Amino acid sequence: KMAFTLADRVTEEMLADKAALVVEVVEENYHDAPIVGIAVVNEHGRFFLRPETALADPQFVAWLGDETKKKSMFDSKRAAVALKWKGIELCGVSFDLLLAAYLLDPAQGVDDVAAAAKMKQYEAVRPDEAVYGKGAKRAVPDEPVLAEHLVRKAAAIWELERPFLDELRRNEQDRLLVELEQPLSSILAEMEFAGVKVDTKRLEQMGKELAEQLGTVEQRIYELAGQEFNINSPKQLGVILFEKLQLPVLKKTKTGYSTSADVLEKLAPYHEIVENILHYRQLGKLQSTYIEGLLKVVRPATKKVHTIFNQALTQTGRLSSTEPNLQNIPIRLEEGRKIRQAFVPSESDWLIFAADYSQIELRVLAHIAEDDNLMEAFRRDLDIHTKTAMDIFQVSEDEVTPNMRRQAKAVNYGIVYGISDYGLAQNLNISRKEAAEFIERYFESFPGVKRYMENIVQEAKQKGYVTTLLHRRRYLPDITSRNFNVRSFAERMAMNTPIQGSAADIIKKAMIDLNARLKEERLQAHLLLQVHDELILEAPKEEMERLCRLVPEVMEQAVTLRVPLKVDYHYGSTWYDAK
């Protein structure tokens, strides 16, 4: 019902300087995934191409990598990475519908063209599930069905750029798309394609150690419990702890006894079995997620893993890492921190460089809340986490153990993000009256922060949404709900999203200024990972001197707040040695 040409060859009218391009990659993980079809819509008409034909034509390949040939797409990173696995570059992406919908409303959950088209009353295009099917029924259709679906998606992108750019401009989000998210999309594509090398031999050795350590801990659990049970079974573990051993019931989930880590920590004076169960899970978490799971996704010929950086998923504008997740690699426990030793540079005589912001959200909060004392604290380069560990535990700066500091990290972010005296009393294991007094003293030192959190909830109730420093937006319809639980979670989202989202916008602008700077200096250094507030790079060891002077200044100068930004950097032979 839509006219298009099924082009056998590549012609000149298909190579206009403005076009809507669709490079379809049906598989979820687009790394090394087959391209099933190509569709182009421009001023001259609508065209469908077969990938074996076009991707071997020199004029079509030159048209893809020509930055002066502007292309409108949906999810340009998916196509760009799949083309990189085919030796083909893709430049000139002037509009990405996927990221344009993500800025307008992040909760819409837009994952295909049809969902984004519905936001603008465009429905002349089928959802991808209706074309390819669900799960075990997933199948690329017959060429006439596939060719029309790809052309209808291209025609939809062709018609939706203008109305999407109009609403972005009213939301003050148009420069957020064109100057931040779309340039970031190209950088993330190179990071995903570059991959991160893994020492498969060392990981395989840890797995054999964890295999025989897990049995020893598992046998002591059976010794202390007096019988065998599925340690991962909540029913039997609940029977062992709160029926057999008759331990106190401190928490009940919707399904039964709660055996979470915070609960088992409080049962430590009562029995020695809860401390080994804790150790068993930690060894089990490392074994399943980071040993077996990591070796599953490694590419054997290159010993590199290729993550997918999801740019249009989080509600605050953060990134996320999938298959594998390289943003929750262990670090706090020494047994699990060794796994970071397996992450190595991709070439000999290369090293890993890693820089990160120091308490970025509290500094963003100081700027936005305009609090006198909080801005003074960071103008002195104070360590609020250590300074809070002194006030809590009555110790001095010398006696602040990294455990007392990480616990003060929770109090600092918890208090500013609406923790109650109940929740504070459970984390500090203090009386509920002391925790309430501590929160009163905390807001006496920072009255402007308390004033800001009241204003940001009142502004959310008025506007219906909250914004970040670069005008990223999150709607909060529940902020006016009649239910107390539903409204309170919305109020704490209004306190947190502008702060966490403004930190995401700063690290994103830093990535863009970093690659433009690395290009100017003509360095072979390139980014590998982003962990929210940390940037990880690899580079030849000779470039390390320049990077120690370049990366900190680039990150510190990404934005200009009423307080300075601080960046700490390290380099070394592995990711482990890079912090």
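Residue numbers here begin at 1 and follow the sequence given.
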Discussion item. Regarding 148 to 156 and 243 to 251, which shows the higher C-alpha temperature factor on average in the entry?
Written reply: 243 to 251
Worksheet item: Looking at the deposited entry, does 123 to 131 or 387 to 395 carry the larger mean Cα B-factor?
Response: 387 to 395
Fill in: Most elevated Cα B-factor in the entry, residues 534, 545, 538, 520
520
Practice prompt. By the entry's C-alpha temperature factors, tell me which of 379, 450, 137, 77 sits highest.
Written response: 137
Worksheet item: How does residue 28 rank on Cα B-factor within its chain, lowest, middle or highest third?
Response: highest
Worksheet item: If you rank the chain by CA B-factor, which third does residue 89 end up in: lowest, middle or highest?
Response: middle
Discussion item. Per the entry's values, where does residue 487 land by CA temperature factor relative to the rest of its chain, in the lowest, middle or highest third?
Written reply: middle
Item to complete: Would you please rank residue 222 by its C-alpha temperature factor against the other modelled residues of its chain and give the third it falls in: lowest, middle or highest?
Response: highest
Practice prompt. Using the B-factor values recorded in the entry, state whether the Cα atom of residue 18 falls in the lowest, middle or highest third among the modelled residues of its chain.
Written response: lowest
